[PDB]
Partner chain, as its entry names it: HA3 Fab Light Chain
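Take a look at this single chain in structure tokens; it is the form solved without its partner chain.
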């Protein structure tokens, strides 16, 4: 869980627009959201993990305990129920809302942090490099 700690900055994005479309994000919002190069800031305090995301589009921050369900207001304004687990050495986040569900996998690969967001077969890959 300590391998993800640090300040990462986006360097690559693929299929992010197809992914946002599937989750239901609006046309104009997908536009400005895709133009953003957010910075992910991960921190830990005891058994509490913090994932802060900062960008021009919107700033978000979720604090959680591994394996314990929590309420989350996503950047695109969805009120979802989240659950984050340390699965296969990767932080795997599942978001459930309105009968639908999406998985956000954050894994380490060498000097980078790969973020795979999936929704009904559509997959978006965003690569982060430590700032």
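What we label the rigid core is the largest C-alpha set whose atoms superpose within 1.5 Å from one form to the other. Residue numbers count along the first chain shown, from 1.
Between 75-83 and 27-35, where do the CA atoms move more in 9 other deposited structures of this protein, taking the root mean square over the structures and residues after a core fit? Once the core is superposed, the stretch further away in 9 other deposited structures of this protein is 27-35.
RMS Cα shift after core superposition in 9 other deposited structures of this protein, winner of 49-57 and 100-108: Looking at 49-57 versus 100-108 in 9 other deposited structures of this protein, the farther one turns out to be 49-57.
With reference to the PDB entry, specify whether the mean Cα temperature factor is higher for 29-37 or for 73-81. The entry gives the higher C-alpha B-factor average to 29-37.
For the stretches 47-55 and 60-68, which has the higher mean C-alpha B-factor as given in the deposited record? Comparing averages over the C-alpha atoms only gives 47-55.
Against its chain's modelled residues, does residue 113's Cα B factor rank lowest, middle or highest third? Its C-alpha B-factor, which the entry lists for residue 113, ranks in the highest third among residues of this chain.
In what follows, reference is made to the form solved in complex with its partner chain, a form of this protein that is not presented.
Residue contact check: residue 25 to its partner chain in the bound PDB entry, 4.5 Å heavy atom: Yes, residue 25 is a contact residue.
Flag residue 105 as yes or no: does it have a non-hydrogen atom within 4.5 angstroms of any non-hydrogen atom of its partner chain in the bound PDB entry? No, residue 105 is distant from the partner.
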